[PDB]
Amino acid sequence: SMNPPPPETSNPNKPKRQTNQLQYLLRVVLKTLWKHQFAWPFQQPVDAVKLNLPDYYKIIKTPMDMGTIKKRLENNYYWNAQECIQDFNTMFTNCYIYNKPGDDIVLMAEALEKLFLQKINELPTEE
């Protein structure tokens, strides 16, 4: 029922890059999803106490959210685009695992995921 530590957004010994694909993931992908009318539940880790979701972190062992992704991108946490793409996919998958079809939160995730998929389709070739 309590909250875990959030995911890592800083790890100095993890090697880093700032690639054109990672820049696109910040400037295009994250910014598009972040501004969306359905972004708000996803802009920070799930607070299972405040939301009265005592089983959330029993079920979800790889939590992820756009607040974490935003910090990771702004703090150049990643080596490659795939790591960041995986974080977005983890976020959506967690929502689908925890909840049930037709829930509002699932519809919200689906709308964000649609936009994510459109933007990933247009991922630039690495320079």
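In this text, the rigid core denotes the largest set of C-alpha atoms whose superposition between the two forms falls within 1.5 Å. Numbers for residues come from their place in the sequence shown, where the first is 1.
Put simply, when the other structures in 8 other deposited structures of this protein are lined up on the rigid core, the C-alpha atoms of 10 to 18 lie farther off than those of the other stretch, from 106 to 114 and 10 to 18.
In this crystal structure, the stretch out of 96 to 104 and 37 to 45 whose C-alpha atoms carry the higher mean B factor is 96 to 104. If you average the C-alpha B-factors over 107 to 115 and over 13 to 21, the higher value belongs to 13 to 21.
Per the deposited record, the Cα B-factor of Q82 falls in the highest third when ranked against the other modelled residues of its chain.
Among all modelled residues in its chain, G67 ranks in the lowest third by Cα B-factor.
Ranked against the other modelled residues of its chain, the C-alpha B-factor of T32 as given in the entry falls in the middle third.
Ranked by C-alpha B-factor against the other modelled residues of its chain, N76 falls in the highest third. In the deposited entry, the Cα temperature factor of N52 places it in the highest third of its chain's modelled residues.
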